[PDB]
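K.L.:
this one's experimental. Sequence and coordinates below.
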Protein chains: 2
Amino acid sequence: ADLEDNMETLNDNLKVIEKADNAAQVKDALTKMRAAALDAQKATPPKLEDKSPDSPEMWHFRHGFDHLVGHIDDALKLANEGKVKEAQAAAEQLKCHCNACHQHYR
Amino acid sequence: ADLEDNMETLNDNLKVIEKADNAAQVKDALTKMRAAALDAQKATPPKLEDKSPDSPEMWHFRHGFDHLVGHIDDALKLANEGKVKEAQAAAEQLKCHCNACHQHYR
Ligand code: HEC
Ligand code: HEC
Ligand code: NI
């Protein structure tokens, strides 16, 4: 899917995690976030269209998703050990990373 | 140093990074910040003084500094590599993580 679709998937599953009742629910939402981040990592954002595909700004954009995926993996590790509160807390650590990419590339 | 002093160091050295013009200064301030964060991690904050150190909240508090330290290291790598503007921008994005912890425990 394209970038706005994947961002909607990111945003909607954050709320699913916030309201989750067990760690397996958090797990399911996080795996869907993980796939959406990796799919978005293949897009070219508008504010970098007129830029070389190999530009350092393109690689910083792509590495922003690598960082986010690492944090999603960190939260998945807690969710798969049944720690619903702790994986929920880890998922809200994502929000600042969301905003840091937006500040430069949205 | 006590918790409040370490916060003073983090707050004042963020502004030092803002006004610096060369990597040597950025490195110096990021280094003071990194030690202050690791020192603050060992404290018990007043809004948690009647919890136990193994309480979730006390572990969430600790984990916030682990995460902040890693992002300081990322900015130190940029200033060791001599990219002053990028390191200054990485340091500005620390504020979101400051605020996230503050909204819970400040
Ligand atoms: C870069 C590394 C990003 C990260 C990490 C996240 N997002 Fe993002 N987001 C990014 C761009 C470039 C854009 C604009 C894309 C465009 O073509 O307009 C966005 C946009 C959003 C939006 C608005 C959706 C829309 O239809 O325009 C939302 C709601 C959004 N992003 C949410 C979001 C969340 C919750 C993130 C982390 C969990 C996140 N984004 C990360 C780039 C990047
Ligand atoms: C938790 C993981 C925190 C992180 C990360 C940061 N801060 Fe912090 N801050 C925290 C607490 C619990 C408190 C209250 C301490 C107390 O004893 O009252 C604070 C306080 C501050 C203050 C005000 C200090 C004072 O005047 O008493 C400042 C200016 C401040 N913090 C700055 C700051 C900055 C710039 C941070 C990121 C670089 C940062 N803090 C991170 C908890 C946490
Ligand atoms: Ni991070």
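P.N.:
It's in. Numbering: from 1, shown residues only, chains lettered A, B, ... in the order given. Ligands and ions are numbered 1, 2, ... in the order given.

K.L.:
which bits of chain A sit near ligand 1?
P.N.:
With CB under 6 Å from any ligand atom as the criterion, chain A meets ligand 1 at residues A:3-4, A:7-8, A:10-11, A:14, A:45-46, A:61, A:64-65, A:68, A:94, A:97-98, A:101-102, A:105-106. The C-beta positions use only the backbone N, C-alpha and C, and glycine is treated the same way.

K.L.:
just the buried ones out of these, please.
P.N.:
Of the members of the residues of chain A next to ligand 1, the ones counted as buried by neighbours, 16 or more other CB atoms under 10 Å in any protein chain shown, are A:3, A:7, A:10, A:14, A:45, A:61, A:64-65, A:68, A:94, A:97-98, A:101.

K.L.:
in TSV, list those residues along with secondary structure.
P.N.:
As requested, these are arranged in TSV below (DSSP: H, G, I helix; E, B strand; the rest coil):
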residue	secondary structure
A:3	helix
A:7	helix
A:10	helix
A:14	helix
A:45	coil
A:61	helix
A:64	helix
A:65	helix
A:68	helix
A:94	helix
A:97	helix
A:98	helix
A:101	helix
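
K.L.:
just curious, which of these is nearest to residue B:37?
P.N.:
Each of these was checked against residue B:37 using CB to CB; the closest is residue A:97, at 17.9 Å.

K.L.:
does chain B have contacts with stretch A:61-81?
P.N.:
No. Taking CB under 8 Å from any CB of the partner chain as the criterion, stretch A:61-81 and chain B are apart, separated by no less than 8.8 Å.

K.L.:
send the alpha carbons of that stretch over as PDB?
P.N.:
Listed next in PDB are the C-alpha coordinates belonging to stretch A:61-81 (Å, rounded to 0.1, in the frame of the first residue of the first chain):
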ATOM      1  CA  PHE A  61      14.100   8.800   6.200                       C
ATOM      2  CA  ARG A  62      14.500   5.000   5.700                       C
ATOM      3  CA  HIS A  63      16.600   4.700   8.900                       C
ATOM      4  CA  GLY A  64      13.800   6.400  10.800                       C
ATOM      5  CA  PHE A  65      11.700   3.300  10.100                       C
ATOM      6  CA  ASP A  66      14.500   1.000  11.100                       C
ATOM      7  CA  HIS A  67      14.600   2.700  14.500                       C
ATOM      8  CA  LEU A  68      10.800   2.500  14.800                       C
ATOM      9  CA  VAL A  69      10.800  -1.200  13.900                       C
ATOM     10  CA  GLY A  70      13.400  -1.900  16.600                       C
ATOM     11  CA  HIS A  71      11.100  -0.300  19.100                       C
ATOM     12  CA  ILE A  72       8.200  -2.300  17.800                       C
ATOM     13  CA  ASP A  73      10.300  -5.500  18.200                       C
ATOM     14  CA  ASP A  74      11.200  -4.400  21.800                       C
ATOM     15  CA  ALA A  75       7.400  -4.100  22.500                       C
ATOM     16  CA  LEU A  76       6.700  -7.400  20.800                       C
ATOM     17  CA  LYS A  77       9.200  -9.100  23.100                       C
ATOM     18  CA  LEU A  78       7.200  -7.900  26.200                       C
ATOM     19  CA  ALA A  79       3.800  -8.800  24.600                       C
ATOM     20  CA  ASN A  80       5.000 -12.300  23.800                       C
ATOM     21  CA  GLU A  81       5.900 -12.800  27.500                       C
END
